[PDB]
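*Asks:* Opening piece of the complex, as it sits:
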Amino acid sequence: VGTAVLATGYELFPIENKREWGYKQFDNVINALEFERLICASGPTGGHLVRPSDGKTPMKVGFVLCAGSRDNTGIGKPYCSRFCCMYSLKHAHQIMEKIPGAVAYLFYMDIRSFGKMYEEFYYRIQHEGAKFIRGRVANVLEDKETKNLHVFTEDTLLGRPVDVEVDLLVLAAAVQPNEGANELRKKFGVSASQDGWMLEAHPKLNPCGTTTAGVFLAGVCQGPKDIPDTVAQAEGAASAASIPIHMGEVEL
Amino acid sequence: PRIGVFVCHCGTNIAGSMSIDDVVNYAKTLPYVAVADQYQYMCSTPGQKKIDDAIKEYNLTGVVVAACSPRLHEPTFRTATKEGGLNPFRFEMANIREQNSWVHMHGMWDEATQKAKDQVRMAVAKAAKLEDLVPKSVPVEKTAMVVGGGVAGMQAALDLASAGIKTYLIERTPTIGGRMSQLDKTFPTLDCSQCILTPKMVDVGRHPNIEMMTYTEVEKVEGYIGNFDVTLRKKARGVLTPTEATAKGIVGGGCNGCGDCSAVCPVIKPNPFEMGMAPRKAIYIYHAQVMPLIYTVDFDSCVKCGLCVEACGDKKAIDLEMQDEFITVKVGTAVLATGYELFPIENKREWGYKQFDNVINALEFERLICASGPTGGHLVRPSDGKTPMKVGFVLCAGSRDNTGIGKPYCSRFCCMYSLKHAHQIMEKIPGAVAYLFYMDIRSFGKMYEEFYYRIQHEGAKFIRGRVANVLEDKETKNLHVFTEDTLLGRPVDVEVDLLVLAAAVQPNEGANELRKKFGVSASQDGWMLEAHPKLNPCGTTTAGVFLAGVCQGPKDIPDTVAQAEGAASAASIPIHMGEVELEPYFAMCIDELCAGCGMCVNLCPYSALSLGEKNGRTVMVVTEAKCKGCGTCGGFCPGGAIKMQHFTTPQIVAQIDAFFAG
Amino acid sequence: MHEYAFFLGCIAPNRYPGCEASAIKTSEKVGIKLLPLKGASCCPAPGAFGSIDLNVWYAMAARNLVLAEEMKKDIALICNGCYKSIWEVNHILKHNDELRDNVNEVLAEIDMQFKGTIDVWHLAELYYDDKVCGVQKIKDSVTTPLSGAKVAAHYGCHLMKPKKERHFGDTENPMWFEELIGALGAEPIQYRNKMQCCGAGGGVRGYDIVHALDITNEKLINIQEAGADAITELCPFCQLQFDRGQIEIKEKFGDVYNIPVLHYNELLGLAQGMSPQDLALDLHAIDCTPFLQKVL
Amino acid sequence: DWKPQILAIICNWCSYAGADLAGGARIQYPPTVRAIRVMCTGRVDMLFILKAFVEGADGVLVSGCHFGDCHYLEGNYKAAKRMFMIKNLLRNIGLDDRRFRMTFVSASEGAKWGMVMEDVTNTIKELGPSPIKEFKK
Amino acid sequence: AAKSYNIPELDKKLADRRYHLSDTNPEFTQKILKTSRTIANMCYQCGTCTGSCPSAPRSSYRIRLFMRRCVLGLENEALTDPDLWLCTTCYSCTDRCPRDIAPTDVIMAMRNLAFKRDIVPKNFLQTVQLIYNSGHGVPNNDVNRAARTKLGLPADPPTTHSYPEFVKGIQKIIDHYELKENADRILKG
Amino acid sequence: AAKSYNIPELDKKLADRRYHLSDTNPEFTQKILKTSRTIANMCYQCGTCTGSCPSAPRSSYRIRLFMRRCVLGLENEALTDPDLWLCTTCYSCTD
């Protein structure tokens, strides 16, 4: 081949390491891709969100935003995963429209709706009636009998501690480079960033090409992004990979 | 005719709202129907195989698929119909999913079944009258146009040129570069913004495949994906490049950028590059690093004193009588990269932008802090020229605002550039403190959170409260910023020497005029609209026009460059092929029914209709390339002398008749 | 000569009658005719009565409006709080149908209906409008210059705010009322935070007098620092606060300002030649005599 | 025994998109209207509407893009003029002109499409069966 | 905060400070929205209202906190707060809110609910009594009658002070809402 | 909050609640950083500490508020607070 484009994507950071949110130890704590499969109509359920513990329909759902992100303790990731505020808003909307009378609680610390129509989406979700509690979740306790989850944090704007009891807790976990991505980028000769994602030639004016000639980056493999930004990056990489093929010559 | 009806279940999305068995039996008993059949996923490979096998076995003339929307799956089933020995356009869909099931789910089943039977009947009636069309292929001119010479325009132009396509780069201003040329340092890498840009500007200026046309506008555009006849206005620059001087006969040359002209010009006016902070003569360049170093003359302010021509001397580069020249250029595709301007923040009266001296906005701050700006890179107070020691940054100034004055959206980069400016002041003025009055710090990009951490570490104060109002101290000219520290829970009164407003951004001046010239629509936000918001953020609905940069929505320089290269790739796709297929929806005049009244001619927005001579009779002539298939003319013509190719009157009337059949 | 029904709420007739007397006289001198309102009452004062019950607020303001409706005239006011009540209830009941219905079936017990046919104006708004008496006409009518006097304007809050509900323009730094004081010949001065509430609104004047007086004292400090010799105002609430509250500040705190507080109509009367006795300046807590020595 | 027969002729670029968006968002409405889907509403000839009404449409609806938002720059101005004239003809032939209306539905107004559906159904139900079906005989 | 001890000072000292979902009153929120006629549930706690309030710098009054209580349904936290009557209704918050909320209208609705549950300062009730008796919140007295006479005006203004037949209509308006029957009852204590 | 009146109960009632830049003690902040041996100036007020505190649900003690006072230099606000001695040093916040 003449050129190569790397588009390895991402996986969810292992959030069972954050023990204060009982991801693997409490039945009714899930993460955002499991929630997306549970809410899809083609998923294991008939599109009906039900509690893993007993198969009953939840009526209160909590969304722990920043789960393992903007975290300097060495367990989580020190960066923002970019799309987790937006997808948590989407999931809150989906539950409030699919289960009548269900309430969504978002425990947030900087809602980040920066893209096109994102702020309007945020406005619409608040209008439909999601509760926004500005406080990073401290810890989660499981009720021994009902299997309900007691979420403990502080409402920083209200100025009081809170104890919100939900039927289902969803963790908006951080994303990390896919499994084997480091092996593949070492095969191709690409370096890594401080964050652990694949590095680009010039961070401002060349976000697709790498320092090794003939290799180009596309998608979340270079850093987390939404589907619009991912597609723009992918077409940019395709153009850069086409530049030397169309000429047919390249000067070393 | 022999029609096959294939009813998809969509995996219970349709079978959970109607009786698919009943719809299928009704289709079997319908007239003209040879075979009626069903499948779980007609858009899947077994579904196309089912269609093809049915075609071959039953000698089908046409295919009707009772499934999802045509806007979703015309290409799929047209290709499935082609593979099988039919024309792609002997196919018609009956939308029984998004207009029957999903809207009649609950408690009404036989009613949805009757609606489905009606839709299938109307679809069969149309398909029994469809006939063969072949899409029109039109040649593509091997040139491209890029409107906008900012980073997104320059990147798109360089990408197209290095792909080998000749490119026109139109810039309204005398220099390329855009806003990034005004930036001083760039977040989050703190690289010298002008310095990183200087190479790429040189590449654009030297590339043989790029026709850099600065100080030029787009008067009018007509044409389509094939040939765009774009008329350009070459504004009277007043000064001749060496090439143009040699062409006009001056051997000694044109403009070499010596500067004697502006050294002797007596007129002094504000410099728009420096946001008005700095003087510039009537004959001028924005900054010393402009790419065409050619020294425009500002004819609105020149007094024709003639000192400039005496200073220029034998070079004879200055022609004070130059006029706006017009040029017509034929291009294959066009890329729009018009950028942005700062929202007028003087409308928000509570922050005394125009009324208090020491309140500035973020591009004026960036020019004041740049070492090439009006100051020697020294941030000083506008009121008295003294160095500030406390600087406030009002984030969200006019943004995420639903009051009707500001913008209801986030401008994306204002949290990041305010962090950059806080860092710059804390490192350039020793002992100065930066206060950021913020409401959701948005550091989402690569290394942005680390940049935020580093700024807090260097010691910027982050007060989570939107500024309520600003009062000016009458004597010291200091600014009293009033808000609440929402996390602390108390009101605050922070007295700063300089207040910087992180104002919202809006589409550039004239951008709506240009996008109406090119036929592009606008978003809810007011930015140019893309073809599909998720999977096609570069192309527009009008073919052959592509978007790049902040003109489609605010973005940082990395995202802008990715978008620009994506647009260049999309614009190269049809140029490299050289062919492009148009959709055969054109109007076709039936001449021995046309009476030559000429009344339809003015109903075409695209001027595709005209009166011409055929067999002595004056009849109407369709330029099938210019027609777009709207149908206005054919819906007008009283005699029925205009035929719309896939939506003919007999077809539409057959649909109506089938609806009323019982 | 334009004719308006003169609403005349509670404080101007019953505490500062010189304000209403000068209103009638000066309005007649310029081309305006102020007709008595027949049996008008308290506009249900927006703070002390709206805080209790919005429905009875609506009903009483609507009754006041339908009195002038039967008179077939446009209301003219001299109080910002009365403007809030009357004008805002008029505006709300001209557009909200269920509230019209509710108020109408309350008023039907007293043989009285609201249809929304008239308009409500503040007298200073009329003095500023160009169709009605303008700034130039005010300058023409002025016969005593009142020169060499520094005068601080207090706009109040219920006339201009919220700007999404009114039509007077900018609330951050208006200058229209400063033009009316400049027409009289007195130079209007600018002081810190000139758009601050006087503190008497919303019933705070009654509920927490010390809190209200602290809010007032912030203003008085700024005004003295600027160097004012009087405070013009367009509201009898604000005049009562700035007048009584100076005495209550002198007793509860230890602060002395002795700054006369005058309604704009009283200053207009002084400019047009009315006598201090005919203006009843002896009914103010704070003596106006230094200001009279300066401007006379 | 009687169910209204309402026929809609919706453009491809805003009204079909709006109906599709309503379906995707799962906005319910009664199943009384059946649509035709032409490219622009400029395509809609007067004879289409009159043919529908003479075959027995209890109501006819024509839905298109907002003014200034036609995919083909100005094709819905022509449709608007045509439908104003159609309203006049139906009033003067003595058929009830509120059996016909033209709505402007954008590509993002799925909720408004649902409301239009409900209101058209309600109005035709109030009006009753069309008189042509018995006047023919 | 372990549980109820029934020792009033210890209950006051160890009151549970922790917000539970049992504390939310959606009916309270809906009543506030209806009465205030404003989009109060759309607050995103920017602090502009508190930053503009003239009562905030000298008291514990926080209009943003009241907006948060409205959003969360904290009835018996909003209504019993003695800093519900420190709003001067200056409308600066409404003038500046980026979400087009009227926090002062929310305050007014809260004050109405507080009156309906019998929390109300006595000046309000006294004003109700005065308006019932004479139709005037600030009525005329003998010294002002003398002052008006010396001016040249009639001894009483053209209001219900001189036309006492409209007082009966005002009284029927007040009695329809039972304002007098509640004000006198609350004053009696 | 207009000024000092020297009537102690009215001074207590109308104490200026408004934070000024004259209220910051950078020396206090630097002493706290040195003695605590922790990066306290890097708090971004997430509320996890208060959400984990066992003293918070039964008192007015707010460790996040104390962190904010440390960052802003509010000496004489932090030190005189009687809820400075309700910390059990359970280290859940640090955890």
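*Replies:* Yep, that arrived. Numbering: from 1, shown residues only, chains lettered A, B, ... in the order given.
*Asks:* Which of the three states applies to the residue in the stretch 151-296 of chain C positioned nearest to chain D?
*Replies:* Nearest to chain D, among the residues of the stretch 151-296 of chain C, is residue C:164, at 26.3 Å (Cβ to the nearest Cβ). In short, each C-beta sits where N, CA and C put it, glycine included. With DSSP: H, G, I helix; E, B strand; the rest coil as the basis, residue C:164 sits in coil.
*Asks:* roughly how far apart are it and chain A?
*Replies:* Distance from residue C:164 to chain A, counting by Cβ to the nearest Cβ, to the nearest Å: 18 Å.
*Asks:* Isn't that residue up against residue E:100?
*Replies:* Yes. If you go by Cβ atoms under 8 Å, residue C:164 and residue E:100 touch, sitting 7.2 Å apart.
*Asks:* For those two, list the residues in contact with both.
*Replies:* The contact sets of residue C:164 and residue E:100 overlap at residue B:403 (Cβ atoms under 8 Å, 6 or more residues apart in numbering or on different chains).
*Asks:* And for the residue in chain C sticking out farthest from the centre, nearest residue in space, chain neighbours not counted?
*Replies:* Most distant from the centre of chain C: residue C:109, at 32.1 Å, with distances by Cα atoms, centre = their mean. Leaving aside its sequence neighbours, residue C:109 sits nearest to residue E:172 (Cβ to Cβ, 6 or more residues apart in numbering or on different chains; 5.7 Å).
*Asks:* SS state for the one you found?
*Replies:* Residue E:172 ends up helix, using three-state DSSP.
*Asks:* could you also fit chain G onto it:
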Amino acid sequence: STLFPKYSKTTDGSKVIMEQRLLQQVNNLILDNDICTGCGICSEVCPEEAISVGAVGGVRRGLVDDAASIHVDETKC
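*Replies:* Time to bring in chain G:
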């Protein structure tokens, strides 16, 4: 927008001072209204057509106060 091209026109006593501010560079076209004579040899000559002529007789007689003999559009100068 942008502020720093501050165009001002102040009547400082008898001199009408027309100004264009920048950060450090100014421009002051100063007309001495006691010496103007109401000729238009300043309006005929203006290359940029900004100076217009006002109430010559009234100003030269002292009966006009809110104007000078000439008005200069300092945004066009």
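*Asks:* Just to check, the residue farthest from the centre of chain C is in contact with residue E:176?
*Replies:* Yes. Under the criterion of Cβ under 8 Å, residue C:109 makes contact with residue E:176 at 6.6 Å.
*Asks:* Next, show the common contact partners of the two.
*Replies:* With Cβ under 8 Å, 6+ apart, residue C:109 and residue E:176 have no common neighbours.
*Asks:* quick one, what contacts the one residue in the stretch 101-250 of chain A that gets nearest to chain G?
*Replies:* Nearest residue of the stretch 101-250 of chain A to chain G (Cβ to the nearest Cβ) works out as residue A:119 at 23.8 Å. Contacts for residue A:119 (Cβ under 8 Å, 6+ apart) come out as A:113, B:400, B:408, B:409, B:410.
*Asks:* Could you do residue C:107 as well?
*Replies:* Residue C:107 sits in contact with C:59, C:62, C:63, C:66, C:113, C:114, E:173, where contact means Cβ under 8 Å, 6+ apart.
*Asks:* would you turn these into TSV with neighbour count, distance to residue C:142 and secondary structure?
*Replies:* As requested, those are exported to TSV (neighbours: other Cβ atoms under 10 Å in any protein chain shown; distance: Cβ to Cβ, whole Å; DSSP: H, G, I helix; E, B strand; the rest coil):
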residue	neighbour count	distance to residue C:142	secondary structure
C:59	27	42	helix
C:62	28	38	helix
C:63	24	38	helix
C:66	21	37	helix
C:113	14	43	coil
C:114	23	40	coil
E:173	25	43	helix
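*Asks:* Here is chain H, add it in:
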Amino acid sequence: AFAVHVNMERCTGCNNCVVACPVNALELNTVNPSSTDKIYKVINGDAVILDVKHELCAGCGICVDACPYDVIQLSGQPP
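*Replies:* Alright, chain H goes in next:
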């Protein structure tokens, strides 16, 4: 082409602004009168300016200098 404003409140009808205006004096006092339009005419006791659209005045100040009790303000700035 300036704008004159007459303070109707103190105008006495003296008619010395009508007699003294040199544009009024054009009709009867000129050889071969050029224009016969008039700025002022005293209707109902006060001077009314018929020159509504500000086309005939020349800022002469003969009328401002004429009125005995100053009542005519001459505006030298564009209306």
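*Asks:* With chain H now part of the structure, what is the answer for the contacts of residue A:119?
*Replies:* A:113, B:400, B:408, B:409, B:410.
*Asks:* let's see it at 10 Å
*Replies:* A:111, A:113, B:399, B:400, B:401, B:402, B:407, B:408, B:409, B:410, B:411, B:525 (Cβ atoms under 10 Å, 6 or more residues apart in numbering or on different chains).
*Asks:* Please apply the same query to residue A:52.
*Replies:* Residues counted as contacts of residue A:52 (Cβ under 10 Å, 6+ apart) are A:26, A:27, A:28, A:29, A:30, A:34, A:38, A:147, A:168.
*Asks:* buried subset of those?
*Replies:* The neighbour count (16 or more other Cβ atoms under 10 Å in any protein chain shown) marks A:26, A:28, A:29, A:30, A:34, A:38, A:147, A:168 as buried among those.
*Asks:* So which of the residues you listed belong to strands?
*Replies:* Members of those lying in strands (criterion: DSSP state E): A:29, A:30, A:168.
*Asks:* now residue D:70: how far from chain A?
*Replies:* As for residue D:70, its distance to chain A is 23 Å (criterion: Cβ to the nearest Cβ).
*Asks:* From chain G, how far off is that residue?
*Replies:* 34 Å.
*Asks:* my guess is that residue meets residue D:107, correct?
*Replies:* No. If you go by Cβ atoms under 10 Å, residue D:70 and residue D:107 don't touch, sitting 11.8 Å apart.
*Asks:* which residues are common contacts for these two?
*Replies:* B:521, D:13, D:14.
*Asks:* Now the residue in chain G that chain D sits nearest to: closest residue in space, sequence neighbours ignored.
*Replies:* In chain G, the residue that lies nearest chain D is residue G:1 (27.7 Å; Cβ to the nearest Cβ). Setting aside the residues directly before and after it, residue G:1 is nearest to residue B:344 in space (Cβ to Cβ, 6+ apart), at 4.9 Å.
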